[PDB]
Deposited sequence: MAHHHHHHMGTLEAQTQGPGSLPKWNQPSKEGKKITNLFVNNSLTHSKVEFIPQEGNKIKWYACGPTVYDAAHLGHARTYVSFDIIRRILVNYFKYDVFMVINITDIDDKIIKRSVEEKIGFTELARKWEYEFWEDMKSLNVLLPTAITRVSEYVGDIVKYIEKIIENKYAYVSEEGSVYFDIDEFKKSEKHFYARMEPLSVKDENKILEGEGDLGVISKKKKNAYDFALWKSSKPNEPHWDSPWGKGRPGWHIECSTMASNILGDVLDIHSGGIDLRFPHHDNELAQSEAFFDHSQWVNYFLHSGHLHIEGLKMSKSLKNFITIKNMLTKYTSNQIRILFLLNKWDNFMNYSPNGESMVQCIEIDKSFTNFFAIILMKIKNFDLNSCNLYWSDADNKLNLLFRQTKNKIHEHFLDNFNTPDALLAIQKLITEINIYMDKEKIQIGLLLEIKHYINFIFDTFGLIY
């Protein structure tokens, strides 16, 4: 009556003791790769019919930070896939309103999305998978689900996922992550895998007639084709947990006829503005480009570093939430300014390098800070507390650089470590 989860075996794997908040268990559980030190990761992409806003940035920046922690800090090997839904009801509707082709519209806003990601120092994924380029593969995927008896064909030529038949199987559970969120259909909760197309919509040939993919099938198809029958990580915003992500799990389980397509499902919290999700529908949004005419990439990334990735956050506009981000960014800028100059202008010919008690105390705080940051990252990517640890260390380095005769080698090593953590955060100074 309740979905079960299988933790991957630890034998032969990279073991860091990292714990992550897994939506499949609704708990923090130890992260263990399926193979070695490898992480196969699929992340749902944007719907490219319009500009991206600060809420989209929160999700992609937060998972960029997580990816950099996993790769740059823990040295996992991440193979990441993000889809682009360039065919969708919204794209069709917008393209008729504006009197341009569906592809021209989608390519424009896909281009602007990646430009915005690059402006925010977000790394591109290994693979970018457009629906328009995967329709043939989607048809083949749907054929297999039908052959496994988990989908049926309507008279009009649509294909629907058969929830009742899927649930019946002892190896399958429907809606593993939100169990309680559950005429021609057998049951109302069945969802389309293939939609019969109106003659005026864009459409593709199939064994069942001209149509389009349903809302969820492209993600199962693309990830299964490139990454296979087990994903280490699947991610997205919390609104996608159901129906979209739970439906992907059912589709992929139905295709492979197994019980666990994803080991760790990670959901970022929403950015709210004035108490409500930042939303195109609510017209309360700030585009990323507008945000970048007021604040820098570092400042926006600090905003997201200050908020735990899997919790919702409130954005107060008119600069209110950004005051703290600007202060922190300024302290990082001024810290680097001083330490870089002290290093550059240090003179080995005239200095004294005796390792003093003041040098030893700063070094002790330095090594301790490294251990604290390590524990924060293992604690479900706790960047707010890691950022605070860096701030505390900087306060003490600033005192040391002002008064004590300086240990050039220690300052260089401290500069390199803080650069390493800032690279991990995606900050550029």
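Undergrad: Report the unmodelled segments of the deposited sequence as residue ranges counted from 1.
TA: Those parts of the chain that were deposited but carry no coordinates are 1-20, 203-219.
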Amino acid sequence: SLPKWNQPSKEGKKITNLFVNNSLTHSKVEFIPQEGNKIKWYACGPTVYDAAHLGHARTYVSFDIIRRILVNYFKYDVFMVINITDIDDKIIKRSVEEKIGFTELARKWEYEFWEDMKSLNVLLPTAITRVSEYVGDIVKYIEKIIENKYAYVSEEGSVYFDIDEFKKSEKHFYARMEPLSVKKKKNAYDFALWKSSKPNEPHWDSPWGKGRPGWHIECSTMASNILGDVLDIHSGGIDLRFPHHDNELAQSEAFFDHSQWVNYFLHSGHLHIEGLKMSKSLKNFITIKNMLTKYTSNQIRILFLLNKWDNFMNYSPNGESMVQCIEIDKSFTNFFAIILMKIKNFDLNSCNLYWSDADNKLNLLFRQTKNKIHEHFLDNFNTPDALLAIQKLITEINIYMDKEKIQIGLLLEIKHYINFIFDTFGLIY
From here on, numbers count along this sequence of modelled residues.
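C-alpha atoms forming the largest set that superposes within 1.5 Å between two forms make up the rigid core.
Undergrad: Which is farther from the shown form in 8 other deposited structures of this protein in C-alpha RMS with the core fitted, 274-282 or 109-117?
TA: With the rigid core superposed, the C-alphas that lie farther in 8 other deposited structures of this protein are those of 274-282.
Undergrad: May I ask which stretch, 338-346 or 295-303, sits farther from the shown form in 8 other deposited structures of this protein once every structure is superposed on the core, judging by RMS CA distance?
TA: Higher root mean square deviation of C-alphas in 8 other deposited structures of this protein is shown by 338-346.
Undergrad: Any chance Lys183 is unbuilt in a third or more of the other entries we compared?
TA: Other entries vs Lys183: at least a third skip it.
Undergrad: Once you work out the mean C-alpha B-factor for both 224-232 and 196-204 from the entry, which is higher?
TA: The entry gives the higher C-alpha B-factor average to 196-204.
Undergrad: Tell me which of 76-84 and 97-105 has the higher mean C-alpha B-factor in the deposited entry.
TA: It is 97-105.
Undergrad: Looking at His172, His245, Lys308, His272, which has the highest Cα B-factor in the entry?
TA: Max CA B-factor in the entry, restricted to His172, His245, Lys308, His272: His172.
Undergrad: What's the residue among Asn345, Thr287, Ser321, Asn121 with the greatest CA temperature factor in the PDB record?
TA: Most elevated C-alpha B-factor of the set, per the entry: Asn345.
Undergrad: For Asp402, does the deposited CA B-factor place it in the lowest, middle or highest third of the chain?
TA: Highest third of the chain for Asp402's C-alpha B-factor.
Undergrad: Lowest, middle or highest third: where is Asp64 by C-alpha B factor in its chain?
TA: As the PDB entry reports it, the C-alpha B-factor of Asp64 lands in the lowest third of its chain.
Undergrad: Could you say whether, by C-alpha temperature factor, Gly237 belongs to the lowest, middle or highest third of its chain?
TA: Lowest third - that is where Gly237 ends up once the chain's C-alpha B-factors are sorted.
Undergrad: Quick check on the deposited entry: does the C-alpha B-factor of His416 sit in the lowest, middle or highest third of its chain?
TA: As the PDB entry reports it, the C-alpha B-factor of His416 lands in the middle third of its chain.
Undergrad: Looking at the C-alpha B-factor of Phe191, is it in the lowest, middle or highest third of its chain?
TA: It falls in the middle third of the chain.
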